[PDB]
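Visitor: After the C-alpha cells below, expect a handful of questions from me.
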Amino acid sequence: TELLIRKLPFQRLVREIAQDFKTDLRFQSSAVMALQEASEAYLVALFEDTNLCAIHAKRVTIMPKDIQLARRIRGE
Amino acid sequence: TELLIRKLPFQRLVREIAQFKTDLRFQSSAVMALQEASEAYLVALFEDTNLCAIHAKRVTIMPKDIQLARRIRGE
Amino acid sequence: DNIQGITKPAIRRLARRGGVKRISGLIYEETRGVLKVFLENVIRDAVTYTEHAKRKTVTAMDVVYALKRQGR
Amino acid sequence: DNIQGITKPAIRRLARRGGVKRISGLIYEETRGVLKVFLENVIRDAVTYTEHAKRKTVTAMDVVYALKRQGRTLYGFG
Amino acid sequence: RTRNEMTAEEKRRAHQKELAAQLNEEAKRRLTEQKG
Amino acid sequence: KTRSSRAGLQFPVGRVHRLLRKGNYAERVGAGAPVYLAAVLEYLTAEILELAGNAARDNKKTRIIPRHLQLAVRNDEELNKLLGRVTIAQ
Amino acid sequence: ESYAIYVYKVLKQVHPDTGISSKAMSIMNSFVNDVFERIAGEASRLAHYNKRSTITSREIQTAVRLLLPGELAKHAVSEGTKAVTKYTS
Amino acid sequence: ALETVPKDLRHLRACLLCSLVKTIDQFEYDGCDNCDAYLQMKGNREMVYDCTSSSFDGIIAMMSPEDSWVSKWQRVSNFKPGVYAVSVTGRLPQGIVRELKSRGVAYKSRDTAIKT
Ligand SMILES: [Zn+2]
C-alpha cells in the first residue's frame, strides 16, 4: 500500500484552506494523514461512480458531466 | 395527499410481506404514512432514472437506468 | 401474490408525474421489486419499534420513526 | 494556489485504482474542485468542533468526528 | 461463543491449488509441443 | 468485586456506564443496560478477532494485521453489511 | 484512554496463540468506539421516543436489533441476556 | 370567473360528483374547483382521467344556484357558478368511493337520465 496523493502538495492545500477559514491555526500530523486518507477514499468512491456513469453512457472516456451526474445521484 | 396506488392492493401487499412477525395490525394512519413514503421514494427513484436516461441520451427509461440509479445511490 | 395486484397503471401514473416521457416494458417488474425492497426494510424497522413498544399494532408514529432511522 | 499542487499523475492514479481506463482533459480541474469542496466542508466541521472544545489546534479526533458527521467514518486515527 | 461459521473455502483453495498445478503442467506441455 | 467480574464479562462495565453518563445520552442509565452494552461490545470484538485470527492462520502469520482485519470483514457478509461505509487507514 | 487492554484479553481468549499489530489494535479500538457510539445514539433516540429518563436493557436490546444484521444481532442479544443474567445472579 | 369558463370546445370532460364541465387544459392546470381537497384532482392528468369521464350530455349556464329550480333539482345549490351538465354516465372505483364516505363526502349518482 502507499499514498496516491503527494504528501507535501496535499498538506499545503490543507494549510491553505485552513488559513482561508481561520488564520493562526495548526493541525497535527495524524490529523493531516487522516484528512488525506479520507480524501483519497472519497475520490476513489467518486471515480468508481463516474466510471459506472461512463459505462452506462456507452463510452470509455470519463467526462466532467459523468462526475456531475454521479454527485447528483449521490445527493451532494 | 395525492395517492396513485390503490389503497386496498397496497394494504394487501403490506400484510403479505409483513409475515416477518405473523399477526400484527396496522393502523389506517400507519398504512397511509407507509403509502406516502413509498410514493415519494418511487418518485425520487424515477427522477434519478430520468437523469440517467437523459445522460445516456435516451428519452425512454430502461431497467438499466434504475439499476444504475440504485447502484450509485447505495441501495 | 399482491406485488402483481399493484396495478401497473399505478406505476405508470407514479412515473409520468415528472420528466419520465417514455417507459420500457420491463420497468414494471423492476419498479415492483424496488418497491418491495423498500417496503420490506421500512416494515422491518417499524416491526422492531413496535415489538420494543410492546404494542401489537404498528402505528403511524412507529412508521415515522422507521423512516427517520432509514434517513428518508 | 496549492489546489493545483494536486499532480495530474496523482489524479490519474486515483482514477486508475477506482477503475477508469481513459480520462478526459477536463477531468483534472473538476476533480480538484470537488476535492476542494470536500476538504472545505471537513475543515469547517473540524474547526467547529475545535471551537467547541476550546482547543488551539485541530486534532485527529476532531477530524474523525467531522468525517463521521459527513457520513464516512475512518478508523485508525482513533 | 463466536458464531463459529466454517469455510469450505479451504476446500476451494485446495481444489484451486490442484487446478493451478494442472494448469502449469498443461501450459508447459502445450508450449513445449508448439515450440513455434 | 468489580462489576466486570460480577457480570463475568471482560469489557469495562464501569467505563461504559461512565461514558454513557458523560455523553448524557439520557437522564439516567439502568443497572442492566450498561452490562448488556458491555456484553454486546465484547461479543462483537470477540467475533471480529476470531475472524481475523482465522484469516491470519490462513495467510500463515503469527500476528494479526490490518490486512487480516480487512480480509475478515470482506469475507463475512454480515460484517460487510455492518461496516460498508467504514474506512480504514492504510 | 482506549479498550486496548480489553481487546487484548479477548484476543488471547479467542486465540491464545497469536498476536496483533499496532494499526490492528487501533482499528479495533476505533471499531469499539464506533459501535458504542452507534448503540448509544440509537438508545437515546428510543428513550426520547418512549419519553423515558433511563436507558434500560430493553432499550439496549432494541438498539442492537436495529443496528446489527439479523443473525449477528440475535447472537449479540443472546450474549447480552446471558451476561445480564449472570450479573443479576 | 374566467378560469372556469371553457376555452376550447374540443377535448372536454366532465366530473361525476358536482358535474363540472371544463376543458382538458383547465382540468390539468387548475382541476376540479367545487371539490379539490377531497379529490386531489389538481396537479396531474392521471387522477383526471381516473375520476372524470367524457361520457356526459347537456349544457346549462348555471349562474345562480341559490335561486334556481334547475340547481334545486340537480342538487348543485351548494356549488359555485359554472357550466354543468344534466347527465354523466360513470362510476368511481371502490377505493375512490369508500374514502369519500369515510371522510364525510356523500357520493351520489348524477346520471339523472333514464335507461331504455
Ligand atoms: Zn365534480
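Residue positions begin at 1 at the first shown residue.
According to its header, this structure was worked out by electron microscopy, 3.1 Å.
A Cβ is built for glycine as well, from the same backbone N, Cα and C atoms used for every other residue.
Pulled from Swiss-Prot, these are the listed features:
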- D:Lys8: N6-butyryllysine (MOD_RES)
- D:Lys8: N6-(2-hydroxyisobutyryl)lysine (MOD_RES)
- D:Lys8: UFM1 cross-link (CROSSLNK)
- D:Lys21: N6-butyryllysine (MOD_RES)
- D:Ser24: phosphoserine (MOD_RES)
- D:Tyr28: phosphotyrosine (MOD_RES)
- D:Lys36: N6-(2-hydroxyisobutyryl)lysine (MOD_RES)
- D:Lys36: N6-glutaryllysine (MOD_RES)
- D:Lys54: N6-propionyllysine (MOD_RES)
- D:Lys54: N6-butyryllysine (MOD_RES)
- D:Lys56: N6-propionyllysine (MOD_RES)
- D:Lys68: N6-propionyllysine (MOD_RES)
- D:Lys68: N6-butyryllysine (MOD_RES)
- D:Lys68: ubiquitin cross-link (CROSSLNK)
Visitor: Which of these modified residues is closest to D:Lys36 (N6-(2-hydroxyisobutyryl)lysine) if you go by CA atoms: D:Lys21, D:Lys56, D:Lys68?
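Guide: Smallest Cα separation from D:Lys36 (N6-(2-hydroxyisobutyryl)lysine) among D:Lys21, D:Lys56, D:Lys68: D:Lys68.
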Visitor: Given the modified residues D:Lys8, D:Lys21, D:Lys56, which one's Cβ is surrounded by the fewest other Cβ atoms within 10 Å?
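Guide: Looking at the modified residues D:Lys8, D:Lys21, D:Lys56, the Cβ with the fewest others within 10 Å is that of D:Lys56.
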Visitor: Using C-alpha positions only, work out which of the modified residues D:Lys54, D:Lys56, D:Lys68 is nearest to D:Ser24 (phosphoserine).
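Guide: Checking each of D:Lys54, D:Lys56, D:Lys68 against D:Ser24 (phosphoserine), the shortest Cα distance is to D:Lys68.
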Visitor: Do you know which of the modified residues D:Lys36, D:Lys68 has the most other C-beta atoms within 10 angstroms of its C-beta?
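Guide: Selected residue: D:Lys36.
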Visitor: Note down the number of other Cβ atoms within 10 Å of the Cβ of D:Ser24 (phosphoserine), including every protein chain shown.
Guide: 16
Visitor: Return one of helix, strand or coil for D:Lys68 (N6-propionyllysine), based on DSSP.
Guide: helix
Visitor: Find, for the listed modified residues D:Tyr28, D:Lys54, the residue with the lowest Cβ contact count at a 10 Å cut-off, counting only other Cβ atoms.
Guide: D:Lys54
Visitor: Please report how many Å separate the Cα atom of D:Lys54 (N6-propionyllysine) from that of D:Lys68 (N6-propionyllysine), as a whole number.
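Guide: Between the Cα atoms of D:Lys54 (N6-propionyllysine) and D:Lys68 (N6-propionyllysine), the distance comes to 20 Å.
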Visitor: Expressed to the nearest Å, what is the distance separating D:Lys56 (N6-propionyllysine) and D:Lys8 (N6-butyryllysine) at their Cα atoms?
Guide: 35
Visitor: Using the alpha carbons only, what distance in Å do you get between D:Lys68 (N6-propionyllysine) and D:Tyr28 (phosphotyrosine) once rounded?
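Guide: So the Cα of D:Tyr28 (phosphotyrosine) lies 27 Å away from that of D:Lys68 (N6-propionyllysine).
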